[PDB]
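Q: Chains as they are written, first to last, in the deposited numbering: chain G, 1204 to 2050; chain B, 140 to 302; chain A, 1 to 94.
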Amino acid sequence: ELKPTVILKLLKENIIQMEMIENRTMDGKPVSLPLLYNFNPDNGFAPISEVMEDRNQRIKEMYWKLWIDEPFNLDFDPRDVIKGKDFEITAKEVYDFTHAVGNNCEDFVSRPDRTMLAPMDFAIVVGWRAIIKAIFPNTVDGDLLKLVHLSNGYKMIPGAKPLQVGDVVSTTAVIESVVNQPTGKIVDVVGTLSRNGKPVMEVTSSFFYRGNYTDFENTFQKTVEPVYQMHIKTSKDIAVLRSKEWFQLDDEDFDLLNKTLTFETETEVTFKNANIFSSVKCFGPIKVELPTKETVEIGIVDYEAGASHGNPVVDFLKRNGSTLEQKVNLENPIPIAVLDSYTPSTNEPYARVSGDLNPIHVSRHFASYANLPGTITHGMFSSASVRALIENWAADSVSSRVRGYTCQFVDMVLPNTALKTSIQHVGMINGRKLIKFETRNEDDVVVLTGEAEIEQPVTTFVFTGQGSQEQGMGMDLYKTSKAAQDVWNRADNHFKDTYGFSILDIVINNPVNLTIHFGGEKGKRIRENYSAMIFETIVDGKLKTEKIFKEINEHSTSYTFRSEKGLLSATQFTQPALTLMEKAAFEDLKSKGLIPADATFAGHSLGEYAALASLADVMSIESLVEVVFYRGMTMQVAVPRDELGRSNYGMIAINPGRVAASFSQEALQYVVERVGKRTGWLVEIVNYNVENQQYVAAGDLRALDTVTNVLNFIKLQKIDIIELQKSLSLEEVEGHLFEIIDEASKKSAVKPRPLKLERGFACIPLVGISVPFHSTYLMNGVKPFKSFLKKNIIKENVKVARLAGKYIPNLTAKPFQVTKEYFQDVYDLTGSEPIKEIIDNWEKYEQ
Amino acid sequence: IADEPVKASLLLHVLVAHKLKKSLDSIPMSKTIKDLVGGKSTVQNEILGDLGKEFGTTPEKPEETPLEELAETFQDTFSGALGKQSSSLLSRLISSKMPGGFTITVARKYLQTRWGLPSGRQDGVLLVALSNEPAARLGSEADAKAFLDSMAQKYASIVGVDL
Amino acid sequence: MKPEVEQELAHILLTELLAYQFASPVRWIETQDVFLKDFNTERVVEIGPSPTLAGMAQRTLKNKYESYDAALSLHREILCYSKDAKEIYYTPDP
Ligand SMILES: *P(=O)(O)OCC(C)(C)[C@@H](O)C(=O)NCCC(=O)NCCS
């Protein structure tokens, strides 16, 4: 239809009034901006002059009616928190938004039995009526026609689930910073979307009023500083820090020597002019690294100033410290896709849905009056369109995987433009992929830069147990990486000072005999550390504390570890080597930022320790290698050995699938149970690995060399066990099979005690292992080992956040929970007095 | 010259020699998978998965049984198609070890023209070049032709060809 | 449950989890069934010198999740740290 847009007339005798009308408004009723112009007939060259007084307020008054649902009042403080009204999300608003931006992601479409989610771009729909209210205040005076949107950014809060349909989202907005540049005034806004009290996501928006502002009394700037690290190696560095009035520790005599301090500061500047701050107010907590890499608040910064020319906190931290960058760049960017998208013919649909009824994107006259090249495309449309390309290509058409997304509006886009967006995987941050992009127009001019943060696909970390441990493992990584260096060095130092050997040496060149000498002050100290180690085990409800290293006493001047092929295959050195190597590997992965904040983790047998140290940081390196060595050394003594370091115990990797397809793991559990009862010796299933393809039975090498020959007879004669207990003589067959066991009982008994196990048909014997790990045999050494951990795993290092849901113990293959049902499950399969006590007294802990 | 479809014997011997990163003559055809690889657990499933994807089917217990009779039983059902991964190994040899332009269709046309060798013989030449893969890329084009001046006599020595 | 009480209980559970784990069978079947079926993990990154647990996953996936992986059309990558550095570190060959 045809409507009036402009009405030029004479308000008075010499006041030309050019009413400019917007016919696309909230409630149908058109909104007029009465631009005035003095007409002076004496100045015949320029008879018309603009009335510049009350000009910016007329404009604002228009845009208020176009944008805000409240009464017109420009008298409120910019410092104060702007409170947007609650927004209820409906399936029609999402439907209309997604078509308006061309985001055809099945997450936002109504499918049966699956609730509709709202795109994260829908945050600017919710927040626009608050965020844009941040540039109205009288103190933030500007011409809204010249207003430029420089940059818009979203950031989901970690944990918080994406927006749904039927969610009542509250909005807060606040001006972070408003600074007069030479070329105009920048207004940085920080909207917060909130659902059921809990904040959901942050929206950042930078606006630019072009012009010349000198109202510096109304400006400010709340910057957040990059984290600065410091290494207090010397006592000069302690004295320099003690000089600084702003370095305020909670404890005055806290020992800063050989410590790492982090300085998480946020500044609050107010300006006097362009280059002089009228009030600097840098503050923030001072954290110290613990030996678990956990940081704890020990102090504060409390710098305050009047007139200044700089922040002497930031300056000092720069010169005398290093920045911690969370964004780690890959070696080479990885191209993902190059994509073409088209801006729409008309901007009316995006204006309708978003609520951004800025005339410049719809009315040719307003765009012409603001010196724009025609009805420009909404920058917020380009943003949303590119974010839907990122979502489809980088996040493989999953919404939930997009956790942040910024974009700078470099240049204006006209309608019916064809855009080429290059998308690159350039970096990592906290396990989220860092994807840069760059949108160009047909002139090959950059129009929209930006970067997205994209979760990695659901990850789990599994840590290997005492399998293979070939020499030089992790040493290629220990040469290159800096975090692996830090890990090995720490352990090797603790091992040299404590037990007088180098683990690094042992891993590198795997010596056959390693002699520890107890000469000197250091020598006697090390020899005490060897003699202190005990083998506390329970017999008949009575402690029989044998002392490990019985030969090491007050008068001994040495001790030698023996092996056959090498000491890296001896348990007490395999275990610390393996654990360290894993921990190093992980610490390299974490330094690179490849570790999801929400990754599940488990560890097979030994791995469980490495896992917990890696993911949960529940132990220090020093405490880890202490525990894993002591356990390793307890396993060298938990079985009677010989004079080289070999025992009459070991493990076989049974493959019940290989003997017979009928031979299910029940018939495997049956036969191993029967061979153990018969020969009296130890047989038991210890590792349930792959189903009907790999189980591991540990026990007495002779009793395991009978089972590998009992299951090398069933294969050759294809004689079933289930089809005899079901369809034949019931229960009798337990007496039949005793002859087959007793056949191998008198070839294995004759054989020597260090007998080599022969790779059978469906059984392979493992290598390195000589102790029946995970068996009942060593169940006795659990009650005093429990007590050993209690002074190593200190409760101040146990973050429940980092274990709950993600950790899967081997004991109870179930995500670790601090719920009563989990305790009840632990007790019901491991009769413990302290666990039963916690179960019975569960109520008082709740309070 | 005279065309001949590729066998399952040179493909099986080459794929194993490429996997172990060793010369074809170093590995005997006579020995079995488990004796040659020596214990190392993961590599058996990788080789079986390999013999599963080119040949489509594998015997009941191929790991312990020798390679000469695995080439016997694979030739029974073999059609003359090199394999999906055998062409994928030749896709990464050409793209990563030959210079900027020496593609698969120019190393096809050189053996066809200079030597005369047709597709059934050139497919046999390309497999012997894989188990004699150079450590790095040959920068010059004249070394990508002097390399292909070597693998024509080695194919001929193995199978029997006059050039 | 207060945070300082939850910390204490967790520290007890963890202590008496490691204590028994030592001397109670490893239930790595149920463990795989959790992190492969329950959590629908895509990337299974194995940290260690050889791909033993990677090998165990890859074999468990073929044995009892091939029809489940096909149905829900999810592409389970199994990466060992030893042999698949380039896929874990995102460093492909140009
Ligand atoms: P590979 O996977 O082809 O060989 C099979 C294997 C049984 C040798 C292998 O999976 C393995 O080394 N498993 C042993 C894991 C284990 O439970 N070790 C004992 C820790 S107490």
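For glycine and all other residues, C-beta sits at the position ideal for the given N, C-alpha and C.
How close, in whole Å, do the beta carbons of B/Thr197 and B/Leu187 come, if the pair is a contact with beta carbons under 8 Å?
A: Along the second sequence, read from residue 1 onward, the residue named residue 197 of chain B stands at position 58. Along the second sequence, read from residue 1 onward, the residue named residue 187 of chain B stands at position 48. Their Cβ separation, rounded to whole angstroms, is 6 Å, which keeps B/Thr197 and B/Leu187 in contact under 8 Å.
Q: Determine, using beta carbons only, whether A/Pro92 and G/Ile1888 come nearer to each other than 9 Å.
A: On the third sequence, residue 92 of chain A is found 92 positions in, with the first residue counted as 1. On the first sequence, residue 1888 of chain G is found 685 positions in, with the first residue counted as 1. Going by C-beta atoms, A/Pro92 is not nearer than 9 Å to G/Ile1888.
Q: What does B/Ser235 touch in chain A if you count any residue whose Cβ is under 9 Å from its own?
A: As a working mapping, residue 235 of chain B is identified with position 96 in the second sequence. Those within 9 Å of B/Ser235 in chain A are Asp93.
Q: Jot down the residue ranges of each uninterrupted beta strand (DSSP E) in the region 1224-1282 of chain G, minimum 3 residues, whole runs only, in chain order.
A: 1234-1242 and 1251-1253, all fully within the region 1224-1282 of chain G.
Q: Name all residues in chain order for which at least one heavy atom of ligand 1 lies closer than 5 Å to the residue's CB.
A: This criterion selects G/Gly1668, G/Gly1670, G/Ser1808, G/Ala1856, G/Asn1890, G/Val1899, G/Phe1976, B/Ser180, A/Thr52 and A/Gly55.
Q: What's the call for G/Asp1316, buried or exposed, on a 16-neighbour Cβ count within 10 Å?
A: As a working note, residue 1316 of chain G is residue 113 in the first sequence. That one is exposed.
Q: Below 7 Å between beta carbons is the criterion; list the residues of the region 44-73 of chain A that meet it against any residue of chain G, in chain order.
A: Those would be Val44, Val45, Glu46, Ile47, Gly48, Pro49, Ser50, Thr52, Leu53, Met56, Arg59, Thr60, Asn63 and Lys64, in chain order.
Q: Report buried or exposed for residue 1189 of chain G, applying the criterion of at least 16 other Cβ atoms within 10 angstroms of its Cβ.
A: Past the edges of chain G, shown from 1204 to 2050, lies residue 1189 of chain G, and the structure says nothing about it.
Q: By how many angstroms is the C-alpha of G/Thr1470 removed from the C-alpha of G/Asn1713?
A: For the purposes of this step, residue 1713 of chain G is taken as residue 510 along the first sequence, with counting starting at 1. For the purposes of this step, residue 1470 of chain G is taken as residue 267 along the first sequence, with counting starting at 1. Cα to Cα, the separation comes out at about 54 Å.
Q: Answer yes if the region 1288-1307 of chain G comes into contact with the region 1358-1375 of chain G, meaning at least three C-beta pairs across the two stretches below 8 Å, and no otherwise.
A: Cβ pair count under 8 Å is three or more, so yes.
Q: Alpha carbon to alpha carbon, what distance is there between G/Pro1494 and G/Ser1823?
A: Along the first sequence, read from residue 1 onward, the residue named residue 1823 of chain G stands at position 620. Along the first sequence, read from residue 1 onward, the residue named residue 1494 of chain G stands at position 291. When rounded, the distance between both Cα atoms is 5 Å.
Q: In this structure, how does DSSP classify G/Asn1355 when only helix, strand and coil are distinguished?
A: To locate residue 1355 of chain G, count along the first sequence from 1; it is residue 152. Three-state DSSP puts G/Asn1355 in a strand.
Q: When the Cα atoms are used, what is the spatial distance from G/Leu1637 to G/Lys1793?
A: Counted from its first residue, the first sequence places residue 1637 of chain G at position 434. Counted from its first residue, the first sequence places residue 1793 of chain G at position 590. Between G/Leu1637 and G/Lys1793, the C-alpha separation is close to 15 Å.
Q: What's the C-alpha gap between B/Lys160 and G/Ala1952?
A: Translated into positions along the second sequence, residue 160 of chain B becomes position 21. Translated into positions along the first sequence, residue 1952 of chain G becomes position 749. When rounded, the distance between both Cα atoms is 44 Å.
Q: Rounding to the nearest angstrom, what Cα-Cα distance links G/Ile1917 and G/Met1319 in this structure?
A: Stepping through the first sequence from its first residue, residue 1917 of chain G is reached at position 714. Stepping through the first sequence from its first residue, residue 1319 of chain G is reached at position 116. Each residue's Cα considered, the two are about 58 Å apart.
Q: Who does G/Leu1542 pair with in a DSSP beta bridge?
A: On the first sequence, position 339 is the one that residue 1542 of chain G refers to. Note: G/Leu1542 sits in a beta bridge opposite G/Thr1624.
Q: Within a Cβ cutoff of 6 Å, which residues of the same chain sit near G/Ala1816, ignoring the five residues on either side of it in sequence?
A: To locate residue 1816 of chain G, count along the first sequence from 1; it is residue 613. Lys1786, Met1822 and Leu1827, listed in sequence order.
Q: Might you give, ordered along the chain, the residues of its own chain that have their beta carbon closer than 6 Å to the beta carbon of G/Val1351, omitting 5 neighbours on each side?
A: Looking up residue 1351 of chain G in the first sequence gives position 148. Around G/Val1351: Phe1411.
Q: Three Cβ pairs or more, each shorter than 8 Å: is that satisfied between the region 1441-1449 of chain G and the region 1467-1482 of chain G?
A: Because the criterion of three Cβ pairs below 8 Å is not met, the region 1441-1449 of chain G and the region 1467-1482 of chain G do not touch.
Q: Using DSSP with H/G/I as helix, E/B as strand and the rest coil, what is G/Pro1968?
A: Position 765 of the first sequence, counted from the start, is the residue given in the question as residue 1968 of chain G. The answer is strand: DSSP assigns G/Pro1968 an E or B state.
Q: For A/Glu6, which residues in chain G fall below 8 Å Cβ to Cβ?
A: Indexing the third sequence from 1 puts residue 6 of chain A at position 6. Here the neighbours are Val2003 and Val2021.
Q: Mind checking whether G/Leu1533 and G/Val1491 have CB atoms under 9 Å apart?
A: Mapped onto the first sequence, residue 1533 of chain G falls at position 330. Mapped onto the first sequence, residue 1491 of chain G falls at position 288. For G/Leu1533 and G/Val1491, no; Cβs fall outside 9 Å.
Q: Could you check the C-alpha separation between G/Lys1358 and G/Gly1607 for me, to the nearest Å?
A: For this step, residue 1358 of chain G is matched to residue 155 along the first sequence. For this step, residue 1607 of chain G is matched to residue 404 along the first sequence. If you take the alpha carbons of G/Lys1358 and G/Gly1607, they lie about 4 Å apart.
Q: For the alpha helix (DSSP H) containing G/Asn1890, name the first residue and the last one.
A: Here residue 1890 of chain G refers to the residue found at position 687 of the first sequence. No alpha helix (DSSP H) holds G/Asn1890; the beta strand (DSSP E) holding it covers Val1886 to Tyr1891.
Q: Just mark B/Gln261 as buried or exposed, buried being the case when its beta carbon has 16 or more other beta carbons within 10 Å.
A: Residue 261 of chain B sits at position 122 when you count from the first residue of the second sequence. It is buried - the Cβ of B/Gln261 has at least 16 other Cβ atoms within 10 Å.
Q: Taking all protein chains shown into account, decide if G/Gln1775 is buried (16 or more other Cβ within 10 angstroms of its Cβ) or exposed.
A: Translated into the one-based positions of the first sequence, residue 1775 of chain G becomes position 572. The residue in question, G/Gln1775, is buried, as its Cβ has 16 or more Cβ neighbours within 10 Å.
Q: Should B/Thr181 be flagged as near chain A, meaning a C-beta pair shorter than 9 Å?
A: Translated into the one-based positions of the second sequence, residue 181 of chain B becomes position 42. So, interface residue.
Q: Count the other CB atoms within 10 Å of the CB of G/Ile2041; is the residue buried (16 or more) or exposed (fewer)?
A: The residue labelled residue 2041 of chain G in the question sits at position 838 within the first sequence. G/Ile2041 is buried by the Cβ-count criterion.
Q: What do you get for G/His1628, buried or exposed, if any count of 16 or more other CB atoms within 10 angstroms of its CB means buried?
A: Here residue 1628 of chain G corresponds to residue number 425 of the first sequence, with the count starting at 1. That one is buried.
Q: Nearest by alpha-carbon distance to G/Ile1943: which of G/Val1878, G/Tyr1980, G/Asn1995 and G/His1512 is it?
A: One-based indexing of the first sequence puts residue 1943 of chain G at position 740. With distances taken between Cα atoms, G/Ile1943 lies closest to G/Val1878.
Q: So that I know if they touch, is there some Cβ in chain A lying closer than 9 Å to that of B/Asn271?
A: Within the second sequence, numbered from 1, the residue matching residue 271 of chain B stands at position 132. Output row for B/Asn271: interface = no.
Q: I want to see whether chain A comes within less than 9 Å of G/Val1893, judged by CB atoms only; does it?
A: On the first sequence, position 690 is the one that residue 1893 of chain G refers to. Chain A contact via Cβ: present.
Q: To the nearest angstrom, how far is it from the Cα of B/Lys173 to the Cα of B/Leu149?
A: For the purposes of this step, residue 173 of chain B is identified with residue 34 of the second sequence, where counting begins at 1. For the purposes of this step, residue 149 of chain B is identified with residue 10 of the second sequence, where counting begins at 1. Between B/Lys173 and B/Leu149, the C-alpha separation is close to 19 Å.
Q: Determine the direct distance from the alpha carbon of B/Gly177 to that of B/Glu203, and round the result to whole angstroms.
A: As a working note, residue 203 of chain B is residue 64 in the second sequence. As a working note, residue 177 of chain B is residue 38 in the second sequence. Straight-line Cα distance between these residues: approximately 12 Å.
Q: Using a C-beta cutoff of 9 Å, does A/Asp84 count as contacting chain G?
A: Numbered from 1 along the third sequence, position 84 holds the residue referred to as residue 84 of chain A. Chain G, which has no Cβ nearer than 9 Å to the Cβ of A/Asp84, makes this no.
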